Every structure is written in structure tokens, then in C-alpha cells.
């Protein structure tokens, strides 16, 4: 009996402003589990109108902020609408520098926390994922948030008789 599953990494362009990290700009592309779209601060109604199988957005006001955080930290609350027809789980998140116009941005160390919640493949449920990252100081900067997605719909092949 053998097992296999699906994994997918997505680069989310972000901006850090003091305590808040947000998605900058808007991205729309296709992938094995369908069309993906991302854009900051969308409503639980707008997300539903977006023409895509997976829409990632955020809570404009990520109010939620862990106790013990300092000026070097920053938060974000991801909003996910999954209509891919596959259960999704985030297995990893990393904030990395970016290179734009031959210029390095987000040239800083980083570590990140993120809640583990199954991202149900429903059509009316918006799943929220809290993300809290630590950086070198409190300066603003642009960077990329790499989100590793894994599917829970595991393939199991057996050799029966």
C-alpha cells in the first residue's frame, strides 16, 4: 500500500507597515487545483463574487494581536475561500526578501507563526488564518510571503487480490 498527496507553494506579495502585514497589488493565475486570486482587504461578499476557485484575502483590520509582541513583530489575518473541491491545509509560511527592478527588498531575518486550521472546501465558509511574524526592527518594507499548501485528499493505492 502506497500513499501520495498534493503540495503547492504560493508567493504572496506583501507589505509590512508597523504591526500590520498586507497583500500588495493583486494576483490572478491558474494552477492544478484551479484559478487562484489574491488581494488585500476584501469583504466576505466580494470574495464570493471573485471569479476563481481559490481566493486569498485579508482582514483589513487584523485586530487580533498576540500578547508579548513588540515593535519588531507584525500580524495578518488571512481570509480563504476554497472552492477547489479539495481540503487544504497550510503546512508552512515564510517571509523572504524580494527582488524588484534589480533591487533587494525585505533584506531582513524572519520567523513566523501561523495557526493550523483545515481549510474546508466549502462555498460559503471563509476560513481565517492568523499569522504573526518577527523581524529585525520596526521599519516598513516589502517582501514575499511563501505559503505552502498541502491537500488532505490523500491518494492511497493498494494491491488487492
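Numbering follows the first chain given and starts at 1.
In this crystal structure, the stretch out of 112 to 120 and 58 to 66 whose C-alpha atoms carry the higher mean B factor is 58 to 66. For the pair 36 to 44 and 101 to 109, the mean B factor over Cα atoms is greater in 36 to 44. Comparing the C-alpha B-factors of 86, 78, 90, 71 in the entry, the top value falls on 86. If you compare the C-alpha temperature factors of 52, 131, 95, 128 in the entry, 52 comes out highest. Among all modelled residues in this chain, the alpha-carbon of residue 15 has a temperature factor (C-alpha) in the lowest third.
The deposited CA B-factor of residue 150 belongs to the middle third of values across its chain.
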